[PDB]
Amino acid sequence: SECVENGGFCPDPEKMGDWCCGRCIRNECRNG
Numbered sequence: 380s381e382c383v384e385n386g387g388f389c390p391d392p393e394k395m396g397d398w399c400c401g402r403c404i405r406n407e408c409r410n411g
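If you count the sequence shown from 1, you need to add 379 to reach the numbering used here.
The structure is reproduced here in structure tokens:
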């Protein structure tokens with residue numbers, strides 16, 4: 380379970396789940 384870096388792509392949280400360091404928003408990984 381490794382988190383994605385900022386600007387990374389995360390597939391549909393509903394289907395694949397959300398995975399990001401921070402938050403997965405609009406299939407993007409955002410931290411702040």
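All residues carry an ideal CB built from backbone N, CA and C; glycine is no exception.
By the neighbour-count criterion, in which 16 or more other beta carbons inside 10 Å mark a residue as buried, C382 falls on the exposed side.
For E407, the uninterrupted beta strand (DSSP E) run begins and ends at 407-409, by DSSP. The straight-line gap separating the alpha-carbon atoms of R402 and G396 is approximately 12 Å. Collapsing the DSSP output to three states places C400 in coil.
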